[PDB]
Amino acid sequence: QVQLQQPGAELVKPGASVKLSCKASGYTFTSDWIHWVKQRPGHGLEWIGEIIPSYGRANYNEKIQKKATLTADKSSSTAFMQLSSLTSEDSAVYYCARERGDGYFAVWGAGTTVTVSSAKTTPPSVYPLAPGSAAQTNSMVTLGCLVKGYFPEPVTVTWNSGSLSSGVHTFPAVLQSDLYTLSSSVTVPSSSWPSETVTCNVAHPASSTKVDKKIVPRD
Amino acid sequence: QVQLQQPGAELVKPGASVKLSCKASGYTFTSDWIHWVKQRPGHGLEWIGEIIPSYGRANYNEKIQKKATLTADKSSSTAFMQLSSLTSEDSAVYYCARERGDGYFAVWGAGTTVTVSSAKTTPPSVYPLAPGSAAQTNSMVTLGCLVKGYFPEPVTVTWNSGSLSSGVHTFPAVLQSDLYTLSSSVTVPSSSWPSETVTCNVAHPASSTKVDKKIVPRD
Amino acid sequence: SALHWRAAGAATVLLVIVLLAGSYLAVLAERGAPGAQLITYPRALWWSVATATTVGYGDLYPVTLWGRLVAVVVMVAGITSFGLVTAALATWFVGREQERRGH
Amino acid sequence: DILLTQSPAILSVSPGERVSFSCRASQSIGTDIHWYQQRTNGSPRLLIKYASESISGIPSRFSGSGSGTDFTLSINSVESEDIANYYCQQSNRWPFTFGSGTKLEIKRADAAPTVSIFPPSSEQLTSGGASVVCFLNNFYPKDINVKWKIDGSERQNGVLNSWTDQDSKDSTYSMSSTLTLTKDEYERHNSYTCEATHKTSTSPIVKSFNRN
Ligand code: NA
Ligand code: NA
């Protein structure tokens, strides 16, 4: 089962502060250490800190500026990271990891995609993409759905609630005028569609919105 | 309060010897170490020696020639540095520093500007500099006073006995025919001067002379 | 307050003084020798603790004669102390065994 | 003897940015290292003891990093007061040694000089000396050319120029120009002009006075 749980995304205004959460199930010893790792877009992993929940002593990376402050709630088994006075350089994915106190981080968190911008939260616009009546097909048929006009990253796109997975490409978002835009494609045998229902599931954690749209042929 | 006290300047003839002093107040433990650091004009810091006053054992930098010999008076809490057979290469600022015996030098001395030359000591000539009747002003007015014809370095220049500090430039001295020359400028709001008194304070430790001169407008 | 318990306490008290003096003396002896590591008081303190317990870490050891003489004094004092505790402990157990058999 | 190496020598940075001075030791020294700040004419000031530990009174902008051989001194939001030489000093083995040093420089916006001409004092004339002093204050960059003219004719002899290191108040530079003449030479001429040629203005910023 999934051990560590983090919020998907967090939007912060430049200069403002944010607390990040990380709860844990399974085996939760007294000797356990919860770390936090920073990863900028297209960059490597960067260790920021660590905290032992049972005592509350925290250690921080002194190589980079100490922006964070670590605290932990004992009863809920949740670790927290208080980050303040954030710039554009703070816009990154933040992971939390369980370390048994023996070096390696065995189980990792999903990651919190933090974006530092003055813009407001925008829910996505999901539109289906069915093949035109002029175009033909063979053994396989490729379908899709468009995701546009949302802020900030990311969005989770699955097909038939994740049950359909083989032959799916989710293209990276493009930013234009404070709004992202991406697409996802699915390739199924020509026989299946649309006699068998196909639906892409789009989740936007920043606006806390999840929308579904079934792919149907053009008129 | 100022912990360590050193004479401002010392003039020495080439080949002759000189003793440098360094008294200390505040916390003066038995475990304390008094060091001495050499800094040539436009050069880095250079450790010369160390001495524990309570026992009188001294250690010297063997990388450079052992020109110095360290002694200390217990009752006066003063450390001494006996330097002999000095060349032009010995012309430098000499600091004394307090080390608690744990590596770092916490509190430093003012420094003794030692000059090795055959020339005699010359008191400075202080002349005020007021704006010409032809020149105009705006919100701010810049004044000054000239210091010339003195040997050797340095000179301490303050304005209104150091009370005036914001917007003051003390330009480095220029050597010409065995005599130094420098200037210091002050920028005050046009409204203040001369309805409020402005005076530059020039101190020459080598001749043990301190002179003041109030800036007044031209006739 | 028997002799062996008085002597052990005296040895322990003495040891601490030997440690403190030993740290102080090490620094005064080592400084001057090029490459010497025992040149700061807090470092020499934990050196003394190690040395008194007959433990050596890497090349954390005096290089000078007097520094090594201090080391000898620290070592001897260390062993004497932890030998005197054993002796004091032994005296206590043998005394009770005498009571155990009604002797 | 531990050799300490501070690279690079001169370090230039934008105002409000983060900066980092590196100091490398010849061999492993643990954390036995200390940082010192020294401004113009002033004495060395302790910043960070034992690699990372901070001294009270020292700004929270200063923080130390590193162990072994690689050591770093870092400043967040670099301001005018930080312009100084920076020295690393080890305490691992006897004898104690310093680094060569690293000078901090702040690249600010361009500034025009504040030109001020000054006639020689009557007190100097009493002794029979004459000196026309001309200041160029608070300009950026430091590169500036000063021209002296007597009655419209250029003068070169007797001119002594002194430049200041970047000012710890506003991150600017200042020059002082001194034209030294004998009283007799001063008495036989009418007007004295001090010209300043800088990057900010294509036209020479001039100041002039007449002896009359
Ligand atoms: Na052993
Ligand atoms: Na060993």
# chains A, B, ... in the order shown; residues from 1 in each chain; ligands from 1
$ residues_near_ligand --ligand "ligand 2" --cutoff "8 Å" --atoms "only C-alpha atoms and all ligand atoms" --output "ChimeraX atom specification"
/C:55-58
$ write_last_selection --atoms "C-alpha atoms" --output "mmCIF file, in the first residue's frame"
data_model
loop_
_atom_site.group_PDB
_atom_site.id
_atom_site.type_symbol
_atom_site.label_atom_id
_atom_site.label_comp_id
_atom_site.auth_asym_id
_atom_site.auth_seq_id
_atom_site.Cartn_x
_atom_site.Cartn_y
_atom_site.Cartn_z
ATOM 1 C CA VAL C 55 41.857 4.852 23.391
ATOM 2 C CA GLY C 56 43.645 6.405 20.416
ATOM 3 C CA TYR C 57 41.902 7.821 17.354
ATOM 4 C CA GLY C 58 43.922 7.897 14.117
#
$ interface_residues --of "chain D" --to "chain A" --cutoff "9 Å" --atoms "only C-alpha atoms" --output "VMD selection string"
chain D and resid 52 63 to 66 72 74 76
$ residues_around --residues "segment 94-110 of chain B" --least-positions-apart "6" --cutoff "9 Å" --atoms "only C-alpha atoms" --output "tab-separated table (two decimals) with C-alpha atoms, in the first residue's frame"
chain	number	residue	atom	x	y	z
B	2	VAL	CA	37.47	48.35	22.75
B	3	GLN	CA	39.46	45.39	24.07
B	4	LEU	CA	42.93	45.67	22.49
B	5	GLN	CA	44.95	48.89	22.16
B	6	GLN	CA	47.89	49.56	19.84
B	7	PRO	CA	49.88	52.69	18.95
B	8	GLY	CA	48.73	54.14	15.62
B	20	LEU	CA	55.34	47.24	19.57
B	21	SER	CA	52.78	47.27	22.39
B	22	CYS	CA	49.33	45.69	22.85
B	24	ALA	CA	44.05	44.35	26.79
B	29	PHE	CA	42.10	34.65	31.26
B	31	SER	CA	44.56	30.56	28.93
B	32	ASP	CA	44.56	33.56	26.56
B	33	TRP	CA	46.93	33.83	23.59
B	34	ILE	CA	48.08	37.10	22.02
B	35	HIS	CA	49.00	36.73	18.34
B	36	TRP	CA	50.58	39.17	15.87
B	37	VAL	CA	49.60	39.54	12.20
B	38	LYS	CA	51.51	41.27	9.38
B	39	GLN	CA	49.75	43.00	6.48
B	40	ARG	CA	51.71	44.72	3.71
B	79	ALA	CA	52.01	42.11	25.06
C	27	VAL	CA	48.31	22.72	24.11
C	39	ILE	CA	46.79	22.97	19.66
C	40	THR	CA	43.31	23.89	20.96
C	41	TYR	CA	41.99	23.40	24.52
C	42	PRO	CA	38.62	21.71	23.73
C	43	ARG	CA	40.33	19.31	21.31
D	32	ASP	CA	38.45	23.87	11.86
D	33	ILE	CA	38.11	27.05	9.79
D	34	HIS	CA	37.08	30.67	10.43
D	35	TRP	CA	35.97	33.57	8.22
D	42	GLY	CA	39.68	48.78	8.99
D	43	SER	CA	40.84	45.78	11.02
D	44	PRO	CA	39.70	42.14	10.47
D	45	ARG	CA	36.28	41.17	11.87
D	46	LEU	CA	35.20	37.62	12.73
D	49	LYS	CA	33.64	30.38	13.50
D	50	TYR	CA	34.09	26.61	13.00
D	89	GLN	CA	41.73	30.94	8.49
D	90	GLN	CA	42.41	27.35	9.58
D	91	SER	CA	43.16	26.05	13.07
D	92	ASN	CA	43.60	22.32	12.45
D	96	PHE	CA	47.66	28.89	11.85
$ select_by_dssp --residues "segment 8-190 of chain D" --states "strand (DSSP E)" --output "ChimeraX atom specification"
/D:10-13,19-25,33-38,45-49,53-54,62-67,70-75,85-90,97-98,102-106,114-118,129-139,145-150,153-155,159-163,173-182
$ residues_around --residues "segment 63-75 of chain C" --least-positions-apart "2" --cutoff "8 Å" --atoms "only C-alpha atoms" --output "list in words"
residues 18, 19, 22, 25, 26, 29, 30, 33, 36, 48, 51, 52, 53, 54, 61, 77, 78 and 79 of chain C
$ write_last_selection --atoms "C-alpha atoms" --output "PDB file, in the first residue's frame"
ATOM      1  CA  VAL C  18      44.835  15.377  35.685  1.00  0.00           C
ATOM      2  CA  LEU C  19      42.530  15.539  32.651  1.00  0.00           C
ATOM      3  CA  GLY C  22      46.556  17.476  30.849  1.00  0.00           C
ATOM      4  CA  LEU C  25      49.592  21.328  29.237  1.00  0.00           C
ATOM      5  CA  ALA C  26      49.216  19.478  25.919  1.00  0.00           C
ATOM      6  CA  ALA C  29      53.637  21.839  24.711  1.00  0.00           C
ATOM      7  CA  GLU C  30      52.367  21.141  21.184  1.00  0.00           C
ATOM      8  CA  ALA C  33      55.746  22.043  16.480  1.00  0.00           C
ATOM      9  CA  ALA C  36      50.768  19.504  15.645  1.00  0.00           C
ATOM     10  CA  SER C  48      42.830  13.444  27.236  1.00  0.00           C
ATOM     11  CA  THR C  51      43.992   8.801  26.251  1.00  0.00           C
ATOM     12  CA  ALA C  52      42.940   8.273  29.888  1.00  0.00           C
ATOM     13  CA  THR C  53      40.622   5.483  28.736  1.00  0.00           C
ATOM     14  CA  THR C  54      43.530   3.998  26.708  1.00  0.00           C
ATOM     15  CA  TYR C  61      48.430  12.036  19.359  1.00  0.00           C
ATOM     16  CA  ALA C  77      46.426   8.324  35.979  1.00  0.00           C
ATOM     17  CA  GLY C  78      43.688   6.821  33.793  1.00  0.00           C
ATOM     18  CA  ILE C  79      44.693   3.202  34.392  1.00  0.00           C
TER      19      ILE C  79
END
$ residues_around --residues "residue 68 of chain B" --least-positions-apart "2" --cutoff "7 Å" --atoms "only C-alpha atoms" --output "ChimeraX atom specification"
/B:66,70,81-84
$ write_last_selection --atoms "N, CA and C atoms" --output "tab-separated table (two decimals), in the first residue's frame"
chain	number	residue	atom	x	y	z
B	66	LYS	N	62.67	34.95	11.30
B	66	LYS	CA	62.34	35.32	12.67
B	66	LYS	C	62.99	36.66	13.03
B	70	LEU	N	58.85	37.85	21.13
B	70	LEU	CA	57.67	38.20	21.92
B	70	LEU	C	57.89	38.12	23.43
B	81	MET	N	56.13	43.13	21.00
B	81	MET	CA	56.82	42.52	19.87
B	81	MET	C	58.10	43.28	19.51
B	82	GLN	N	59.24	42.65	19.78
B	82	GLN	CA	60.55	43.23	19.50
B	82	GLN	C	61.03	42.84	18.10
B	83	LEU	N	60.97	43.80	17.18
B	83	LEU	CA	61.45	43.61	15.81
B	83	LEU	C	62.75	44.36	15.59
B	84	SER	N	63.74	43.68	14.99
B	84	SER	CA	65.07	44.26	14.79
B	84	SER	C	65.61	44.02	13.38
$ select_by_dssp --residues "chain C" --states "alpha helix (DSSP H)" --output "number ranges by chain"
C: 3-30, 41-52, 65-100
$ residues_around --residues "residue 149 of chain D" --least-positions-apart "3" --cutoff "10 Å" --atoms "only C-alpha atoms" --output "PDB file with C-alpha atoms, in the first residue's frame"
ATOM      1  CA  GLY D 152      41.477  77.644 -21.613  1.00  0.00           C
ATOM      2  CA  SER D 153      44.853  75.908 -22.009  1.00  0.00           C
ATOM      3  CA  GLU D 154      45.343  72.302 -20.844  1.00  0.00           C
ATOM      4  CA  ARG D 155      47.637  71.544 -17.887  1.00  0.00           C
ATOM      5  CA  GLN D 156      49.292  68.212 -17.015  1.00  0.00           C
ATOM      6  CA  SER D 191      40.680  81.034 -14.440  1.00  0.00           C
ATOM      7  CA  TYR D 192      41.016  77.365 -13.464  1.00  0.00           C
ATOM      8  CA  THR D 193      38.751  74.621 -14.835  1.00  0.00           C
ATOM      9  CA  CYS D 194      38.231  70.985 -13.806  1.00  0.00           C
ATOM     10  CA  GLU D 195      36.716  68.777 -16.521  1.00  0.00           C
ATOM     11  CA  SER D 208      35.434  76.575 -13.186  1.00  0.00           C
TER      12      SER D 208
END
$ interface_residues --of "chain C" --to "chain D" --cutoff "6 Å" --atoms "only C-alpha atoms" --output "list in words"
residues 34, 35, 36 and 37 of chain C
$ atom_distance --atom1 "atom CA of residue 139 of chain B" --atom2 "atom CA of residue 190 of chain B"
5.4 Å
$ closest_residue --among "D:85, D:182, D:141, D:98" --to "residue 127 of chain D" --atoms "only C-alpha atoms"
D:182
$ residues_around --residues "segment 192-206 of chain A" --least-positions-apart "6" --cutoff "9 Å" --atoms "only C-alpha atoms" --output "MDAnalysis selection string"
chainID A and resid 7:11 121:124 126 128 141 144:145 147 150:162 164 184 212:217
$ write_last_selection --atoms "C-alpha atoms" --output "PDB file, in the first residue's frame"
ATOM      1  CA  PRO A   7      -0.937  17.197  -1.559  1.00  0.00           C
ATOM      2  CA  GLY A   8      -0.608  17.287  -5.357  1.00  0.00           C
ATOM      3  CA  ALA A   9      -0.013  21.007  -5.875  1.00  0.00           C
ATOM      4  CA  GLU A  10       0.362  24.231  -3.889  1.00  0.00           C
ATOM      5  CA  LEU A  11       0.029  27.756  -5.291  1.00  0.00           C
ATOM      6  CA  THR A 121      -6.064  29.372  -9.892  1.00  0.00           C
ATOM      7  CA  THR A 122      -7.812  28.298 -13.098  1.00  0.00           C
ATOM      8  CA  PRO A 123      -9.772  25.042 -13.596  1.00  0.00           C
ATOM      9  CA  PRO A 124      -9.008  23.121 -16.843  1.00  0.00           C
ATOM     10  CA  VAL A 126     -11.500  19.364 -21.205  1.00  0.00           C
ATOM     11  CA  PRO A 128     -12.747  15.334 -26.513  1.00  0.00           C
ATOM     12  CA  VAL A 141      -7.612   3.529 -33.752  1.00  0.00           C
ATOM     13  CA  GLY A 144      -7.628  11.654 -27.355  1.00  0.00           C
ATOM     14  CA  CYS A 145      -8.789  14.619 -25.278  1.00  0.00           C
ATOM     15  CA  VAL A 147      -6.713  19.899 -21.645  1.00  0.00           C
ATOM     16  CA  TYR A 150      -5.461  25.956 -16.417  1.00  0.00           C
ATOM     17  CA  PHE A 151      -3.052  27.236 -13.769  1.00  0.00           C
ATOM     18  CA  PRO A 152      -0.877  25.933 -12.314  1.00  0.00           C
ATOM     19  CA  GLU A 153       0.688  22.504 -12.937  1.00  0.00           C
ATOM     20  CA  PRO A 154       0.042  19.616 -12.793  1.00  0.00           C
ATOM     21  CA  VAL A 155      -2.889  17.554 -14.106  1.00  0.00           C
ATOM     22  CA  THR A 156      -3.452  13.798 -13.767  1.00  0.00           C
ATOM     23  CA  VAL A 157      -4.826  12.179 -16.922  1.00  0.00           C
ATOM     24  CA  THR A 158      -5.917   8.529 -17.005  1.00  0.00           C
ATOM     25  CA  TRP A 159      -8.093   6.488 -19.375  1.00  0.00           C
ATOM     26  CA  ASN A 160     -11.174   4.605 -18.147  1.00  0.00           C
ATOM     27  CA  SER A 161     -10.093   5.530 -14.595  1.00  0.00           C
ATOM     28  CA  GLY A 162      -6.579   4.149 -15.167  1.00  0.00           C
ATOM     29  CA  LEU A 164      -6.692   1.436 -19.762  1.00  0.00           C
ATOM     30  CA  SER A 184      -3.285  12.886 -24.027  1.00  0.00           C
ATOM     31  CA  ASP A 212     -14.618  12.959 -16.931  1.00  0.00           C
ATOM     32  CA  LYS A 213     -15.473  12.985 -20.645  1.00  0.00           C
ATOM     33  CA  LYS A 214     -16.453   9.980 -22.792  1.00  0.00           C
ATOM     34  CA  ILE A 215     -15.098   9.868 -26.350  1.00  0.00           C
ATOM     35  CA  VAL A 216     -17.912   9.634 -28.918  1.00  0.00           C
ATOM     36  CA  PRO A 217     -17.703   9.725 -32.757  1.00  0.00           C
TER      37      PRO A 217
END
